Amino acid sequence: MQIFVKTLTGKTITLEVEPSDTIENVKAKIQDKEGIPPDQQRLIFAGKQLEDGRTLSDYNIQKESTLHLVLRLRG
Amino acid sequence: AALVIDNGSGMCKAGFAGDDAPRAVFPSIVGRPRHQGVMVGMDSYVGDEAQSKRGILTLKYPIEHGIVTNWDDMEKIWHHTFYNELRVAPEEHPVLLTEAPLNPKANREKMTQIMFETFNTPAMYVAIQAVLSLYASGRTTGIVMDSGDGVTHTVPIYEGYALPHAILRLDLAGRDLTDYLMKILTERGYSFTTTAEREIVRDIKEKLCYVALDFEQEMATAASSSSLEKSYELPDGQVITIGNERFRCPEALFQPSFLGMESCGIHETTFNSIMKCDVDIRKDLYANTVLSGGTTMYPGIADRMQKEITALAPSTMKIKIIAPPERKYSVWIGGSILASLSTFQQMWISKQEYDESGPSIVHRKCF
Amino acid sequence: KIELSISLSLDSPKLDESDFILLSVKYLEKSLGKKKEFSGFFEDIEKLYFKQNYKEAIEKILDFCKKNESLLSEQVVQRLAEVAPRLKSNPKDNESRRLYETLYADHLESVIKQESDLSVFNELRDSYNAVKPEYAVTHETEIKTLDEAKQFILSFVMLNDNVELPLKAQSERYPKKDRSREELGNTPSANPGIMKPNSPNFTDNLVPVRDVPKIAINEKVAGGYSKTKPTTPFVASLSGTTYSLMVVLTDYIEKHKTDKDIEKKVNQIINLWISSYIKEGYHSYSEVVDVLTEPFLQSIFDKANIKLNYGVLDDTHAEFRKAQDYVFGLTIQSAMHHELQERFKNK
Ligand SMILES: Nc1ncnc2c1ncn2[C@@H]1O[C@H](COP(=O)(O)OP(=O)(O)NP(=O)(O)O)[C@@H](O)[C@H]1O
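Chains as they are written, first to last, in my numbering: chain A, 1 to 75; chain B, 1001 to 1367; chain C, 2001 to 2347.
Here it is, written out as structure tokens:
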């Protein structure tokens, strides 16, 4: 299945995923496609920050669901 | 001279600080008459006498799982401790009491309340048993493995403070080991079912049982030579012989399946305990596993704990099992040691401090 | 007794600036009792202590101790004055202050609970529904209880690393943050608020066991906050989220400028925010207040006629007393442990 991750600029990265895939997994897939290190990634769906251990099912993320992506700014 | 009482799940160990053994060690059980009229011409029985009159009495273990549960019977145990065993008036001696790990807040307040308002002690303190056991071995940091009569605890302690978030409790200890020994000697042919026969089987356990280094070769050696068998003489003169039973019984501590328990084993709970602690302190813990209490008293137990934790821990971890020879009563001995230190004279809860703030004071002084 | 206890207590190796202040005052509240005459020295030390003004207050304590020397022990003032010039603070290890601030977070929260009618948070719903990013849910329930506003106020973290970036970037204090990036995972704890998972704690002050974040200091940051303000305990450094609170408040102030009680109501937010950030272990007091007091954020309030009290309270006596007991317990245990281990050497 397919989902869409939207960034602050409103560009959209599309990703093929299995509902079994964890968040650690989706963040790694984003790193592979775009370079973003996952410890900087913050995935948001239904207004909640998504936690790494849980899976897409556990958040009721069906096909064509949209995630939102916010990158941490630190030093 | 200050008193030291270890409030134990099956044995109360009391004595005087400065001595290096408790003077009184008696079953921590209260007996009341089963039918009226065994009362005509005399009320209740405590300790060694209440086991002697088990058949005319209804026994109650007021502290069965390490946490005192019946305060009317605890009042009577402590009264028997002060007045029959030690033969002293409590108004005349500061008194150090032990408590189990994770002891509720209120259980602590009620302990203080009784000691000041029922025994009118000048001073008192409450230390955790495991901490005292660590202190008697000169450490203030390690993980203590406390295995007594009704309860075992794995208790990490960092600079004197037992860590509530990582303390593991486990309802398998000597009472359960003594019953298993009963069961398996029965399956062999020797009938032990009566409460009087339970008492001999406890003697057989503390005199002949030991921990196998590996269970399997010991079974193999039992199955292939007489070398492990030991004769035991009963009270009526009959002699019986204990074979693999000697080590099958304490084996229950590492394999609770032997009794139907789907728990872990004193080695797994130890590791589990260590792993609820911050990574930064595990090295200290792993190098100071302190064995403590009557049920750690089996020959061979230190060496198997060494082996099993080495199998659970990372491959470079330096591991030490510390099993003192005095560890049957090292709780009490650490109590005796503590009460004696002069600096400890600044840490008693005083009669003055108590009616200034009441029983809740225990929380601000004893931690 | 008390002369010999504070003697032992002062022998401790790990005694910090905040330990000394509390230990000192406990001695003078017992030695000179409640003679009114010194009532205001006690009141002033507690107020300087809260403001983390240890230098002035240690100064005031020795000097008070000289000008009352005949009233005290010369043995005890010698140890006090001899130990003072060597006293430091350690942001990794400020245990007496962690417990104080955590008890204080409760006192503050309860003061707000009988002060506020909760209208400010119902009015504030709209400023959040306006400045939130699109991925943040709107708030449409009415805020009836203080926890319901506690959870609302906290949800401003949804704005982080996006909406508040314009004014984050005007700070010269915030680049000197020194939270280490290395993700360390979660450790279980039974202490509340800002306390350390492993520190001793009163057994009526425990909280149910749950996981909390380990965070490290970088220590290689030049001018880092931990280095310049070692009095404040490190929980997570400077709070970036409070720029997120400033984006919401700016909007609120703009559209309630004519409000006559505006100053009253902004202090209920700033203060409820402060209490919750300590109580929940996100940040200690100064890690929040020292981003709020930077002069470019202070304009925002000054130009609108708002004076922030910063949760400074009438008195801190209960929480200050409780902390004395704590450091009293810990430092005598230190003494007892030293007698213990020097008795095993000799065996
Ligand atoms: N080889 C042995 N030698 C001596 N005692 C033994 C031995 N094996 C078991 N014990 C048992 O060890 C238990 C002694 O319990 P004890 O350590 O006093 O526990 P407690 O009453 O729970 N007090 P505590 O350990 O301080 O919590 C009894 O069940 C004894 O039968």
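Backbone N, C-alpha and C fix where the C-beta goes; we use that ideal spot for every residue, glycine too.
Under the three-state DSSP convention, the category residue i falls into
i	result
residue 945 (chain B)	Lying outside 1001 to 1367, the shown extent of chain B, residue 945 (chain B) is not represented and no answer is given.
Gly1294 (chain B)	helix
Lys2220 (chain C)	coil
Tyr2326 (chain C)	helix
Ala1100 (chain B)	coil
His2256 (chain C)	coil
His1153 (chain B)	strand
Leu2072 (chain C)	coil
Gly1015 (chain B)	strand
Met1115 (chain B)	helix
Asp1146 (chain B)	strand
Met1 (chain A)	coil
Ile44 (chain A)	strand
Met2336 (chain C)	helix
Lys2014 (chain C)	coil
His1035 (chain B)	coil
Own chain residues within Cβ distance below 6 Å of residue i, not counting five before or after
i	result
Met1039 (chain B)	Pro1033
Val2077 (chain C)	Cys2065
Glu1091 (chain B)	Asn1120
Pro2230 (chain C)	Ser2089, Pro2091
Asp2211 (chain C)	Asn2186, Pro2188
Partners in chain C for residue i, counting only beta-carbon separations shorter than 8 Å
i	result
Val5 (chain A)	Those within 8 Å of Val5 (chain A) in chain C number zero; the least Cβ separation is about 11 Å.
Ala1166 (chain B)	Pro2188
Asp1278 (chain B)	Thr2187, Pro2197, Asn2198, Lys2214
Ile1281 (chain B)	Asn2198
Closer than 7 Å at the beta carbon, the chain B residues around residue i
i	result
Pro2200 (chain C)	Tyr1161, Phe1367
Residues that residue i contacts on chain B, provided the C-beta gap is smaller than 8 Å
i	result
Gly2329 (chain C)	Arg1364, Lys1365, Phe1367
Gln2341 (chain C)	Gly1138, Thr1140
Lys2001 (chain C)	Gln1346
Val2209 (chain C)	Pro1164, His1165
Chain-order list of residues whose beta-carbon lies under 7 Å from that of residue i (same chain, five-residue window excluded)
i	result
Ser2276 (chain C)	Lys2150, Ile2153, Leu2154
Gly1358 (chain B)	none
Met1261 (chain B)	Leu1172
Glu2319 (chain C)	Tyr2100, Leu2103, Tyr2104, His2107
Chain-ordered chain A contacts of residue i [CB-CB under 9 Å]
i	result
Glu2183 (chain C)	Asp39
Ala2136 (chain C)	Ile44, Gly47
Residue i: contacting residues in chain C (beta-carbon distance under 7 Å)
i	result
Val70 (chain A)	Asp2161, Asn2162
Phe1344 (chain B)	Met2336
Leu8 (chain A)	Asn2162
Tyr1158 (chain B)	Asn2198
Residues near residue i by beta carbon distance below 8 Å, same chain, minus five either side
i	result
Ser1028 (chain B)	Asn1007, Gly1008, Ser1009, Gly1010, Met1011, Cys1012, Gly1047, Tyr1061, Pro1062, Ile1063, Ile1077
Amino acids of chain A, ordered along the chain, whose beta-carbon sits closer than 8 Å to that of residue i
i	result
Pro2175 (chain C)	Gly75
beta-carbon residue i near ligand 3 non-hydrogen atom, thresh 7 Å
i	result
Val1030 (chain B)	Within the structure as shown, ligand 3 is missing, the only ligands being ligand 1.
9 Å Cβ cut-off: residues of chain C touching residue i
i	result
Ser1360 (chain B)	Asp2204
Contact set between residue i and chain B, taken where Cβ atoms lie within less than 9 Å
i	result
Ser2073 (chain C)	By Cβ distance, chain B contributes nothing, its closest Cβ being about 15 Å from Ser2073 (chain C), past 9 Å.
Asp2302 (chain C)	What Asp2302 (chain C) touches in chain B: nothing, since even the nearest Cβ is about 44 Å away.
Count the C-beta pairs between the segment 1132–1149 of chain B and the segment 1113–1123 of chain B that are closer than 8 Å, then say yes if the count reaches three, no if not.
Three or more Cβ pairs closer than 8 Å define a contact, and the segment 1132–1149 of chain B falls short of that threshold against the segment 1113–1123 of chain B.
Are three or more beta carbon pairs between the segment 1273–1293 of chain B and the segment 1183–1196 of chain B nearer than 8 Å?
The count of Cβ pairs closer than 8 Å, one atom from the segment 1273–1293 of chain B and one from the segment 1183–1196 of chain B, stays below three, leaving the stretches out of contact.
Is there contact here, the segment 1235–1252 of chain B with the segment 1207–1220 of chain B, by at least three beta-carbon pairs under 8 Å?
Counting Cβ pairs under 8 Å, three or more are found: they touch.
Answer yes if the segment 1–12 of chain A comes into contact with the segment 2145–2160 of chain C, meaning at least three C-beta pairs across the two stretches below 8 Å, and no otherwise.
As far as the Cβ criterion goes, the segment 2145–2160 of chain C does not touch the segment 1–12 of chain A, which means the pair count is below three.
Taking 8 Å as the threshold, find out whether the segment 30–39 of chain A comes into contact with the segment 2118–2137 of chain C through three or more Cβ pairs.
Result no; under three Cβ-Cβ pairs closer than 8 Å.
Just checking, does the segment 1123–1140 of chain B make contact with the segment 1171–1179 of chain B on the three C-beta pairs under 8 Å criterion?
No: the two stretches stay apart, fewer than three of their Cβ pairs being nearer than 8 Å.
Alpha helix (DSSP H) segments (min. 4 residues) lying fully within the segment 2165–2239 of chain C
Every unbroken stretch of the alpha helix (DSSP H) spanning 4 or more residues and falling wholly within the segment 2165–2239 of chain C is given here in chain order: 2165–2168, 2225–2228.
Is the segment 2278–2296 of chain C touching the segment 1338–1355 of chain B, taking contact as three or more C-beta pairs under 8 Å?
Output reads no: the segment 1338–1355 of chain B does not touch the segment 2278–2296 of chain C.
Uninterrupted beta strand (DSSP E) stretches inside the segment 2071–2115 of chain C (no shorter than 3 residues):
Fully enclosed beta strand (DSSP E) runs of 3 or longer: not present.
Which whole runs of the alpha helix (DSSP H) in the segment 2029–2073 of chain C are 4 residues long or more, in chain order?
Counting only runs of 4 or more, we get 2039–2050, 2054–2066.
Where are the beta strand (DSSP E) runs, 3 residues long or more, that stay fully inside the segment 1262–1322 of chain B, in chain order?
Fully enclosed beta strand (DSSP E) runs of 3 or longer: 1289–1292.
What are the start and end residues of each continuous beta strand (DSSP E) run of 3 or more residues lying completely inside the segment 1042–1070 of chain B, in chain order?
Listed in chain order, the complete beta strand (DSSP E) runs (minimum 3 residues) inside the segment 1042–1070 of chain B are 1057–1060.
Is the segment 2254–2262 of chain C close to the segment 2309–2318 of chain C, with three or more CB pairs under 8 Å?
Cβ pair count under 8 Å is below three, so no.
Could you tell me whether the segment 1318–1326 of chain B touches the segment 56–64 of chain A, using the rule of 3 or more Cβ pairs below 8 Å?
Segments in contact, no.
Quick test of the definition: if touching needs 3 or more C-beta pairs under 8 Å, does the segment 2167–2180 of chain C touch the segment 2212–2223 of chain C?
Touching, yes, given that three or more Cβ pairs across the two stretches are closer than 8 Å.
For the segment 2002–2014 of chain C against the segment 2330–2345 of chain C, are there 3 or more C-beta pairs whose distance is under 8 Å?
Using a Cβ-Cβ distance cut-off of 8 Å, the segment 2002–2014 of chain C and the segment 2330–2345 of chain C are in contact, since at least three pairs of beta carbons, one from each stretch, lie closer than that value.
Hey, which unbroken runs of the alpha helix (DSSP H) at 4 residues or more fall wholly within the segment 1177–1257 of chain B?
Runs of the alpha helix (DSSP H) lying entirely within the segment 1177–1257 of chain B and spanning at least 4 residues, in chain order: 1195–1208, 1215–1222, 1245–1248.
Would you check if there are 3 or more beta carbon pairs closer than 8 Å linking the segment 2079–2086 of chain C to the segment 2245–2258 of chain C?
By the Cβ criterion, the segment 2079–2086 of chain C is not in contact with the segment 2245–2258 of chain C, since fewer than three pairs of Cβ atoms, one from each stretch, lie closer than 8 Å.
If you scan the segment 2239–2294 of chain C from start to end, which runs of the alpha helix (DSSP H) of 4 or more residues do you find wholly inside it?
With a minimum length of 4 residues, the continuous alpha helix (DSSP H) runs that stay inside the segment 2239–2294 of chain C are 2241–2254, 2262–2279, 2285–2292.
Any 3 or more C-beta pairs closer than 8 Å across the segment 2016–2027 of chain C and the segment 2048–2057 of chain C:
Because the criterion of three Cβ pairs below 8 Å is met, the segment 2016–2027 of chain C and the segment 2048–2057 of chain C touch.
Per the contact definition of three or more C-beta pairs closer than 8 Å, is the segment 1336–1344 of chain B in contact with the segment 1158–1167 of chain B?
Short answer: they don't touch.
Is it true that the segment 2156–2168 of chain C meets the segment 2242–2249 of chain C, where meeting means three or more beta-carbon pairs spaced less than 8 Å apart?
Contact holds: three or more Cβ-Cβ distances are below 8 Å.
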